[PDB]
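Data first, discussion second: the structure below is written as structure tokens.
Number of protein chains: 4
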Amino acid sequence: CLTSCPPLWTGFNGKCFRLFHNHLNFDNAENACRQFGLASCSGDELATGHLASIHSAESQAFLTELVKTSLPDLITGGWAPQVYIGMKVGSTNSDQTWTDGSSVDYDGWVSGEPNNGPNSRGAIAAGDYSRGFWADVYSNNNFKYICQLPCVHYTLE
Amino acid sequence: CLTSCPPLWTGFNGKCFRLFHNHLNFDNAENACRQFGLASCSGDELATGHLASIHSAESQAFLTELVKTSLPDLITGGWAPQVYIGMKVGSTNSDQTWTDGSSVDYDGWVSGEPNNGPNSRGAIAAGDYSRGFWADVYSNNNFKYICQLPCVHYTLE
Amino acid sequence: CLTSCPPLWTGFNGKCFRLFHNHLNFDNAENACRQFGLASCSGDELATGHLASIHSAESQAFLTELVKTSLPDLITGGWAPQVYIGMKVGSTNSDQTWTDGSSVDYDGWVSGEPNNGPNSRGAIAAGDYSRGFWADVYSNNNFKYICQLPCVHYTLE
Amino acid sequence: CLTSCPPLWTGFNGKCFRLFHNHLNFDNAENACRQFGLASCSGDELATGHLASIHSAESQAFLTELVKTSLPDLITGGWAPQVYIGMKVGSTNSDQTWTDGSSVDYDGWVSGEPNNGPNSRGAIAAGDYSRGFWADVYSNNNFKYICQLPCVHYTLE
Ligand SMILES: OC[C@H]1O[C@H](OC[C@H]2O[C@H](O[C@]3(CO)O[C@H](CO)[C@@H](O)[C@@H]3O)[C@H](O)[C@@H](O)[C@@H]2O)[C@H](O)[C@@H](O)[C@H]1O
Ligand SMILES: OC[C@H]1O[C@H](OC[C@H]2O[C@H](O[C@]3(CO)O[C@H](CO)[C@@H](O)[C@@H]3O)[C@H](O)[C@@H](O)[C@@H]2O)[C@H](O)[C@@H](O)[C@H]1O
Ligand SMILES: OC[C@H]1O[C@H](OC[C@H]2O[C@H](O[C@]3(CO)O[C@H](CO)[C@@H](O)[C@@H]3O)[C@H](O)[C@@H](O)[C@@H]2O)[C@H](O)[C@@H](O)[C@H]1O
Ligand SMILES: OC[C@H]1O[C@H](OC[C@H]2O[C@H](O[C@]3(CO)O[C@H](CO)[C@@H](O)[C@@H]3O)[C@H](O)[C@@H](O)[C@@H]2O)[C@H](O)[C@@H](O)[C@H]1O
Ligand SMILES: [Ca+2]
Ligand SMILES: [Ca+2]
Ligand SMILES: [Ca+2]
Ligand SMILES: [Ca+2]
């Protein structure tokens, strides 16, 4: 297998991703990703896209390479460019969730992050300070963002 | 491109199919297909498999070929072998529905079928008389059957 | 990602397979598989299909299931049904090769096989004695056979 | 069907493409694309990648959208950004060939191009003057470029 994706999207480990270049706040970035859907052929919407979730060191490496190869002239000595992913930090730092409802089973935070709770949002920080690992930021920041299409698999049980 | 399907399944036009050799009546054959599903990577079940629906002359020819190449020693000069698909003929012959909820936009019936309603069921009749086109049959008949995995596609607004 | 295969073929671990029902001798079965191929889009033939090779316990298990689920009424308490794969046993039992030129890195022989050398041929023996593991047979025997399409991968170096 | 491509590549019409951001002359860009190839699982080399060829108005539209959505801050009111594709204009303007040896069955030239031959090279000119349609240029100019993996398909005759 290679992952199969639609035009302009790119696949890694069974999921399809796309970096978007318009700058949106967190809630508007998530809603932008929700415009992509998965429908049954008889016409029922089953699922939406979401800001990307990340579940392994390899996935983190892939998304970092996606950002850095896509934005090479924007890479700074700082955190920038920061690109939203689907991470929400709630009332305490243990309250981490992904917008797609998947488990937080991978920790990609830059040392000292998250540090802007309660209710902050995660971003891949692809600048040289952070090398793609995540920063938390306030949700009103307007950033580029990565969407994932609905992640689904057949159950052959 | 080509259609991606799990091992033992086979693809045509974005859908995955498998011919099962146990003989079941219509409702039980549909129940057997429903054992296959589609789930989000989150773990939420999203959709269920079904007896195959058929929407074009190309799809009809593909399934006819699947049946005849899988059951070459059973091909008779009549209707047999008959293999269930997801077609339900109700109270009158115009009351045709697929178990997957898809439209009845393709007519694959042998001339003179359906003729065994009410509440008869569709089968690919792969014998030389019918050449794969459909017979309706009594629903208590136990036949081999074709399942499809949940048919889904991305909606890219 | 699943494996992508043409209609009527089925995929496992990046390779596409198909069980054929016509009974052929070994050389004719291999020739039948060589009728399928891989070409460039501008029309240069690059590779040919072959009788299946098998490189792991999981691939062995898959092909056994392919046979047993396709030929359920033919399963005996002995060796039958026997289905050709691309294995050639030469002048001694250690001279094992696959028709596709791939390495013999997996040993799927039934205990006591090969024992019909020299120049015998391997077959999945799906009857209950052998449980899909391989028997060697004489090449003049006419059996069902499994083909693989050309196995290819991108080289991203 | 969707197109299956390696990570960081993206598919259209059964072909896999990637925009590279380093600026190379035509020969060096073509050589960079030739680093990517196709091999048999056995390890035999089968094919070599190339700068992209273009065979329809839809393919032209897709590649233009890939460039424009990838380089939005670079789009000028002129021809820039120009991005190499595999088009060679030879001794006369009618002598057009693709580096991958495919047919020149589609004409994407901006009105008045080609005009800098002999032995000029084609580029998608994604600036607003030209809207993605092609300019010919001196082959020593250093531009971004689009690669395409070897285009192959199964032959099931
Ligand atoms: O969202 C990215 C980032 O925003 C805030 O930090 C900005 C700040 O970071 C760096 O300053 C230092 C250098 O060691 O890093 C930490 C930041 O936490 C500071 O204590 C320290 O001075 C850069 O050098 C500065 O240019 C930049 O202004 C926020 O504090 C971070 O948590 C993170 O969210
Ligand atoms: O489910 C199979 C088939 O069963 C019944 O027809 C069986 C009948 O079919 C053929 O007879 C003719 C053609 O000579 O076909 C129509 C079928 O209705 C008959 O009126 C006509 O005599 C075979 O030639 C016969 O041997 C066989 O007994 C049922 O009536 C069909 O609708 C269909 O469901
Ligand atoms: O290709 C299948 C198989 O063919 C030969 O064995 C077939 C043979 O097996 C059984 O005979 C016995 C029963 O005890 O099993 C061994 C198998 O080696 C024989 O020595 C013994 O007589 C069946 O009872 C027979 O009807 C059948 O003819 C071949 O010998 C095997 O290596 C294997 O290739
Ligand atoms: O490779 C890009 C482009 O380079 C040269 O044209 C650049 C030139 O284009 C436009 O000039 C006009 C406007 O009508 O277009 C033709 C292009 O040949 C010129 O004769 C004419 O002045 C822009 O307005 C200019 O700013 C820009 O300098 C080359 O001539 C083109 O063939 C094409 O290769
Ligand atoms: Ca922070
Ligand atoms: Ca009938
Ligand atoms: Ca033997
Ligand atoms: Ca020019």
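Chains as they are written, first to last, in UniProt numbering: chain A, 1 to 157; chain B, 1 to 157; chain C, 1 to 157; chain D, 1 to 157.
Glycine residues also receive a C-beta, built at the ideal position from the N, C-alpha and C atoms.
Residue i versus residue j - alpha carbon distance
i: residue 124 (chain D); j: residue 50 (chain B); result: 47 Å
i: residue 155 (chain C); j: residue 89 (chain B); result: 53 Å
i: residue 111 (chain C); j: residue 135 (chain C); result: 9 Å
i: residue 133 (chain C); j: residue 55 (chain C); result: 13 Å
i: residue 45 (chain D); j: residue 100 (chain D); result: 16 Å
i: residue 63 (chain C); j: residue 42 (chain C); result: 33 Å
i: residue 120 (chain B); j: residue 131 (chain B); result: 20 Å
i: residue 61 (chain A); j: residue 75 (chain B); result: 55 Å
i: residue 14 (chain C); j: residue 115 (chain D); result: 47 Å
i: residue 57 (chain A); j: residue 57 (chain C); result: 29 Å
i: residue 109 (chain A); j: residue 139 (chain D); result: 46 Å
i: residue 22 (chain D); j: residue 37 (chain D); result: 20 Å
i: residue 91 (chain B); j: residue 7 (chain C); result: 36 Å
Cβ-Cβ distance between residue i and residue j below 8 Å
i: residue 122 (chain D); j: residue 80 (chain D); result: no
i: residue 117 (chain B); j: residue 93 (chain B); result: yes
i: residue 59 (chain C); j: residue 12 (chain C); result: yes
i: residue 2 (chain A); j: residue 5 (chain D); result: yes
i: residue 40 (chain C); j: residue 32 (chain D); result: no
i: residue 10 (chain A); j: residue 98 (chain D); result: no
i: residue 35 (chain B); j: residue 113 (chain A); result: no
i: residue 66 (chain D); j: residue 17 (chain D); result: yes
i: residue 137 (chain D); j: residue 82 (chain D); result: yes
i: residue 78 (chain B); j: residue 145 (chain B); result: no
For residue i, three-class secondary structure by DSSP
i: residue 39 (chain C); result: strand
i: residue 66 (chain D); result: helix
i: residue 22 (chain A); result: strand
i: residue 58 (chain D); result: helix
i: residue 136 (chain D); result: strand
i: residue 74 (chain D); result: helix
i: residue 33 (chain D); result: helix
key: At least 3 beta-carbon pairs within less than 8 Å: the region 105-112 of chain C vs the region 137-154 of chain C   = no
ask   = Between the region 51-58 of chain A and the region 68-88 of chain A, do at least 3 Cβ pairs fall closer than 8 Å?
value = yes
query = Residues near ligand 4, CB to any non-hydrogen atom under 5 Å, in chain order?
reply = D:79, D:115, D:135 and D:137
inquiry  = Across the region 63-72 of chain A and the region 26-35 of chain C, are there enough close Cβ pairs to call them in contact, namely three or more that are closer than 8 Å?
reply    = no
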